[PDB]
Structure formats: structure tokens, C-alpha cells
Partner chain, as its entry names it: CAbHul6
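So this first bit is one chain, no partners, the form solved without its partner chain, shown in C-alpha cells.
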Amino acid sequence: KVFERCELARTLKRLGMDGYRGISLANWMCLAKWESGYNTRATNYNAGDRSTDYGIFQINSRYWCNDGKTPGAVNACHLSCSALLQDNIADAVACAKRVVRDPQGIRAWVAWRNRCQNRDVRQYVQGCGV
């Protein structure tokens, strides 16, 4: 599914993302916007390293989920990468939380550094009731 902006904001809030390990909801929203355009079915094959990015947060198969086809990969979220292509984003959120428990936090995603870090991200949650 492709979420609408404010629907996603409330969905993320109910899933415990607001302020998770210091990360505001607007930062999560900016991440999802730039990774996938709020699209849970999004995928991107990385031909350079044989890994794939899955779902609304474009989480990568080398470290975080198992797809069986990424050489030498691990599965730190302990999920099939299929779980990151559901309309229901609970598993994707659990995995995103796992990612940010590691030292880099939200900086794990280069798109966040490029498109969200040191930016005014208030617009992503305006009007959404969060």
C-alpha cells in the first residue's frame, strides 16, 4: 500500500515510533517519504552487491532481513524480507527499531542524512493529530 501522509504519521505513532531512541515522528516520516514515497511494496535491487532494499523504510537484506539470495548476509531483525512488504507495517517498524538500537541510530539510512538531517522536517507531521 501507498500510505497518505497523515495516516502514516498516526500509524507510526500507535506503533511506538514517536521519540523511539530519541527519534521524532517527523524524522521517521521524512525517512519513509524519501526511501519509498510511503510505499510498503517498494523494492530496490542493488546490482553492485547483490542485496535488496525492502518496503517503506527500504531496509537492506545484507544485515537486517533474510531473503535467501544475498551472499554472506545476516538477519538481525530475525524476519523474512517478505515481512517488510506487507501492508501492515508492524514488522517493518519492529525492524526499523532494531536498526536504530545500533550506534548510528537514524543515521543508518543515507537518505536520512541526505534529505532529513539538519533540515526543517516539521511539515511532515503538520495537521496530522500527532
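Residue numbers count along the first chain shown, from 1. Take the two forms, superpose them, and find the largest set of C-alpha atoms that agree within 1.5 Å; that set is the rigid core.
*Asks:* Is the larger C-alpha RMS shift in 4 other deposited structures of this protein, relative to this form with the rigid core superposed, found in 22 to 30 or in 47 to 55?
*Replies:* This comes out as 47 to 55, the stretch further from the shown form in 4 other deposited structures of this protein.
*Asks:* Look over 46 to 54 and 88 to 96 in the entry and identify the one with the greater average Cα temperature factor.
*Replies:* If you average the C-alpha B-factors of 46 to 54 and of 88 to 96, the larger mean comes out for 46 to 54.
*Asks:* Which has higher Cα B-factors on average according to the PDB entry: 7 to 15 or 111 to 119?
*Replies:* Taking the mean B-factor of the alpha carbons in each, 111 to 119 is higher.
*Asks:* Highest Cα B-factor in the PDB entry belongs to which of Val74, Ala83, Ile59, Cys30?
*Replies:* Spelled out: the listed residue with the top C-alpha B-factor is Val74.
*Asks:* Would the CA B-factor of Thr40 place it in the lowest, middle or highest third of its chain?
*Replies:* CA B-factor rank for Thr40: lowest third.
The same protein has a further form, the form solved in complex with its partner chain, not shown here; the description that follows concerns it.
*Asks:* Could you list the residues in 1 to 23 that come within 4.5 Å of its partner chain in the entry with it bound, counting only heavy atoms and keeping sequence order?
*Replies:* The stretch touches the partner through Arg14, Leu15, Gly16, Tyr20.
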